[PDB]
Amino acid sequence: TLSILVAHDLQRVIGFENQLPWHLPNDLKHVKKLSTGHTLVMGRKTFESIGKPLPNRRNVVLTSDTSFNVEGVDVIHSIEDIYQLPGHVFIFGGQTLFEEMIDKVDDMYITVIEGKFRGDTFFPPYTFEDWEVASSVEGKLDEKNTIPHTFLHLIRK
Ligand SMILES: NC(=O)c1ccc[n+]([C@@H]2O[C@H](COP(=O)([O-])OP(=O)(O)OC[C@H]3O[C@@H](n4cnc5c(N)ncnc54)[C@H](OP(=O)(O)O)[C@@H]3O)[C@@H](O)[C@H]2O)c1
Ligand SMILES: CCOc1ccc(Br)cc1-c1cc2nc(N)nc(N)c2cc1C
């Protein structure tokens with residue numbers, strides 16, 4: 001299975017200055033739950049943003065840099081390499097990866113951040129005409145998690 005995993009706001013902002021615009025611990029828990037024991041494919045910038053591979057899953061980085069050889073990370077140099085990766089593969093970002101893969105993935109696990117943030121990077125437009133809502137779950141709010149959010153699982157029609 002090939003899936004997108006993304007958090008985007010009401011206007012599809014995903015990033016600002018190479019980091020997330022929001023602090024939302026519950027989204028990171030969501031990411032952990034979905035992708036632990038599976039595979040993440042990310043662009044070079046996204047990788048450099050996190051700074052180290054995420055534990056307990058396969059981390060794959062897409063880059064043109066032939067000098068890229070980082071401990072605990074597998075490197076790929078083509079989109080076509082994604083299709084040779086075994087198991088459940090999550091396209092993990094950033095904007096460039098999402099743009100390249102939205103037409104190719106089986107489904108999407110989206111966290112809709114129900115606010116409007118300043119962004120410099122965006123998830124591409126999509127329409128529910130093309131995507132069935134497999135589930136929609138409101139995120140629980142508390143002292144640590146104060147931005148309303150909804151976890152959507154969309155499956156291509
Ligand atoms: N909210 C979210 O769900 C989420 C998730 C992840 C990231 N983000 C945000 O997204 C933003 C980063 O997105 P971005 O588009 O600037 O960067 P990115 O997608 O993370 O990385 C772009 C880099 O990926 C490599 N790449 C992409 N496609 C390639 C291809 N076909 N062949 C070879 N290399 C390829 C290139 O690396 P080289 O230049 O080294 O060749 C390219 O410069 C940040 O703000 C980050 O915080 C948000
Ligand atoms: C690039 C900035 O994003 C982060 C920085 C630190 C940590 Br720790 C996780 C993220 C992060 C959260 C994310 N959340 C969702 N729902 N989806 C993603 N594809 C995603 C990707 C990253 C990389």
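Taken together, the values in this text are just the output of simple stated rules run on the coordinates, not laboratory data. A quick note on method: Cβ atoms are made from the backbone with ideal geometry, for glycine too, and the neighbour counts reach across all protein chains shown.
In the neighborhood of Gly72, defined by Cβ-to-Cβ distances under 13 Å, what is the net charge if each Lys or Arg adds +1 and each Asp or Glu adds -1?
On the way: positive: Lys52, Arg57, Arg58; negative: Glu71, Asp74.
Net of charged neighbours comes to +1.
Output the 0 to 90 degree angle, nearest 10, between the alpha-carbon long axis of helix 25-35 and the longest principal axis computed from the alpha carbons of the chain.
50 degrees
Using only alpha carbon positions, build the gyration tensor of the chain, then give the equivalent ellipsoid semi-axes as the square roots of 5 times its eigenvalues, largest first, whole angstrom.
On the way: eigenvalues 115, 65, 46 Å².
Whole-Å semi-axes of the equivalent ellipsoid: 24, 18, 15.
Could you point to the residue in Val61, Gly115, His30 farthest towards the positive end of the chain's charge dipole, with +1 and -1 charges on the Cβ of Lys/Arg and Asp/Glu respectively?
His30
Add +1 for every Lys or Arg and -1 for every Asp or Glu among the other residues with Cβ under 14 Å from the Cβ of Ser49, and state the total. Don't skip to the end; give the middle numbers.
On the way: positive: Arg44, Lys45, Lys52; negative: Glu17, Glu48, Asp120.
In short, 0.
Just how many pairs of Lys in region 40-155 have C-alpha atoms closer than 26 Å, counting pairs that are eight or more places apart or on different chains? Please report the intermediate quantities before stating the final value.
Details: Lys45/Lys104; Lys45/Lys116; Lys52/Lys144; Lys116/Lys140; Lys116/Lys144.
Eligible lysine pairs with Cα atoms under 26 Å apart amount to 5.
Relative contact order of the chain, please, whole-number percent, based on alpha carbon pairs below 8 angstrom and at least 6 residues apart.
Relative CO of the chain lands at 34 percent.
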